[PDB]
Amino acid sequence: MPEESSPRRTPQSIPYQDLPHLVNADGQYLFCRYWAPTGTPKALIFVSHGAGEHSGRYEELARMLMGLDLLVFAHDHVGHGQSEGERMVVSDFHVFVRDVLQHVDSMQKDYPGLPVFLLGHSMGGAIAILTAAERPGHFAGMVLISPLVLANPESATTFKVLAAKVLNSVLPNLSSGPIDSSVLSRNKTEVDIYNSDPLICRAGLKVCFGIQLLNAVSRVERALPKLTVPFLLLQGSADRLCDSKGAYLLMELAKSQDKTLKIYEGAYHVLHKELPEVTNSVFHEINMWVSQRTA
């Protein structure tokens, strides 16, 4: 008699049968999170995390949104956190967009008729933009926290040179250096938390993944004239990773009739984990913006 094989487990050895999950189109398990209110939800909102991190870092934002009577949901992107896949590798950047859409489509089956919002940060903001551009008119709104629209220009040249080198030869292990954690936030406690979290991948960026992030930048630029979704865009003026010029370009080139930019003077990249004055404002402004569009 044949027997069922041992249960599929996360990269951290936890059986997926013990966790909320979804299987993507490539047969890979994605770890999922849900924060639902006690009453009937006013809307759904998907939270899209950034490169090397994971959905658990959105706990406080998600609980705020749940307190507005939205049903919040998320998953760890392939290659990240508690989801399957080689760490920080993706066959094509569109895998991330496809998987968001699968999760959104699945949730709308269970909660039909509700508006759906997207919230994304950094790489996750690029994913959110491409998700909305693929389905014009489908999403009620998008909250973008320092989305990847243009990378730091000096850093971008580095990834472009390395890309051309790997694109010409066979160098599967080539990587750039790791992201300098000190540029993430002026809040030193949050920098220390980032450096302490075992679910964060702090290795150097593999050139193959950097190529896919360059693909995201190129695709985002082409998507802007197709973007009509309402959005709120939050950007630090001293962001050394996602250059503020990208935020201004998004405001200029998106066709959305409802678009708002808030600049945080002197703030670094991870605005929802910045100095308390900035983080409190970020939470408050997202609260107001979503409240006004779900009332």
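Residue numbers run from 1 along the displayed sequence. The term rigid core refers to the maximal set of C-alpha atoms that superpose within 1.5 Å between the two forms.
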item: Rigid core superposition result in 5 other deposited structures of this protein, more deviant of 154-162, 187-195 by Cα; value: 154-162
item: RMS CA shift, core-fitted in 5 other deposited structures of this protein, bigger for 130-138 or for 177-185; value: 177-185
item: Stretch with the higher entry mean CA B-factor, where the candidates are 149-157 and 76-84; value: 149-157
item: 218-226 or 190-198, whichever carries the higher mean Cα B-factor; value: 218-226
item: Maximum C-alpha temperature factor, selected from 232, 263, 36, 249; value: 36
item: Residue selected from 67, 50, 56, 27 by maximal Cα B factor; value: 67
item: Chain-relative CA temperature factor third for residue 103; value: middle
item: Entry-reported Cα temperature factor of residue 94, expressed as the chain third it lands in; value: middle
item: Assigned third (lowest, middle, highest) for the C-alpha B factor of residue 42; value: highest
item: Position of residue 122 among the chain's modelled residues by C-alpha B-factor, lowest, middle or highest third; value: lowest
item: Modelled-residue ranking by C-alpha temperature factor, third containing residue 277; value: highest
